[PDB]
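Dumping the structure here so I can ask a few things about it.
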Amino acid sequence: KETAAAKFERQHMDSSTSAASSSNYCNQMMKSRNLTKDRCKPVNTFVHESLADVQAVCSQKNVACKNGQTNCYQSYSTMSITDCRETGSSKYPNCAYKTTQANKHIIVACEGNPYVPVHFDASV
């Protein structure tokens, strides 16, 4: 099956654009990345950076995750991100999202060898 690392890339990475370019970004990306196939995922974040720069966060500032695990890491620099949040008119299978662009530090959980991001915890 799909690995956790591959799932992180599919859910969270968009190195092909520098920022969201329209209000439709989230609607298109949530669909195209198969995040709405079984249900409308309520929230998601996309990161507009190179994969290598995001993978490198696993060697940056170790912090507790929101749930208390200690395999989380905060990026030293801010990154370009897009937050996607379900709107009041969303109704499966026509899932609908508000797009918000931001520049924030990211917090990810890392696992494995090579030690890579497997979960997006927060932006701060």
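The numbers used for chain A are those of Swiss-Prot, and the residues that appear cover 27-150, in sequence.
For all residues, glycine too, the Cβ spot is worked out from N, Cα and C.
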Looking at Swiss-Prot, which of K33, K57, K130 is flagged as glycation site?
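Record lookup, Swiss-Prot, feature glycation site, residue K33.
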Disulfide partner of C66 per Swiss-Prot: which of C121, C136?
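Of the listed candidates, Swiss-Prot names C121 as the partner.
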List, in sequence order, the same-chain residues at least six positions removed whose CB sits under 8 Å from that of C121 (disulfide bond)?
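In sequence order, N53, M56, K57, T62, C66, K67, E112 meet the Cβ cut-off.
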Counting across all protein chains present, how many other Cβ atoms fall within 10 Å of the Cβ of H38 (active site, proton acceptor)?
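Result for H38 (active site, proton acceptor): 19 other Cβ atoms within 10 Å.
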In terms of Cα spacing, which of the recorded positions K27, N60, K63, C84 are within 10 angstroms of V69 (substrate binding site)?
none
Find the shortest Cα-Cα separation between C91 (disulfide bond) and the recorded positions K27, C52, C84, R111, and name the residue that gives it.
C84
